[PDB]
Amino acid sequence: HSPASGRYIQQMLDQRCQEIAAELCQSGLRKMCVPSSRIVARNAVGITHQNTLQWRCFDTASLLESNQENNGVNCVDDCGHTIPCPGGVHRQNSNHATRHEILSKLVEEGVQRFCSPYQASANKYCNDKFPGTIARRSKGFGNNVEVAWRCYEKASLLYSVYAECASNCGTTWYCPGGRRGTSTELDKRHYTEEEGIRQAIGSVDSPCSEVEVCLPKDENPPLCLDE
């Protein structure tokens, strides 16, 4: 067991999408008759005129290796936040099935099971103060060593990079969506909020007695062990 998110919500979305592609194929939709290694869920734009961010089931063979403007794909952390992950949508040639309602409902279900109350609290602090941001302890602009608690705009995070987050005991944990400390415009898009985030984390009630030891887990609740 690593002290890290299992990315269980994302895993549930991809499985549900593999099921939907298999049903579509059975319905005659030939382009969806693929092995399950070819299907993932992404939160993204679709083809031309599909311009909002929706949960869709994509054939990875139709995804671009990288994105230009508004066409990147997003994956989801175990608190239900969407974060850039590798790939881009081909606006003419994408092979996908938009399934926003079922996939959103699985995200809400997963958030109840997996999202650390301590992380929920830190994310809420960030969102209230800077709409759209989530909390990580990670890199800032042009410095690839130093970490601090910051409210990060989700578009500036990288799902493939794990960064420190709060476990469900309020202890060190690592979650997808991190910074590299590089020097691009995206690397500027955060608000360092060391005191406010730490207080938000500290205000959460322990799931354990003041005499028990909280051992965190990648799904709620953590272990409470007698001292």
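One-based numbering along the sequence shown.
In at least one third of the other compared structures of this protein with flanking residues present, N70 is left unmodelled. If you average the C-alpha B-factors over 188-196 and over 159-167, the higher value belongs to 188-196. Look at the C-alpha B-factors of 88-96 and of 67-75. On average they run higher in 67-75. Per the PDB entry, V204 shows the highest C-alpha temperature factor of the residues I9, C17, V204, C25. Residue-level temperature factors show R136 in the lowest third of its chain, judged at the C-alpha atom. In this PDB entry, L103 carries a Cα temperature factor that places it within the lowest third of its chain's modelled residues. In the PDB entry, a CA B factor belonging to the highest third of its chain's modelled residues is recorded for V211. Split the chain's modelled residues into thirds by C-alpha temperature factor. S36 is in the lowest one. Split the chain's modelled residues into thirds by C-alpha temperature factor. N43 is in the lowest one.
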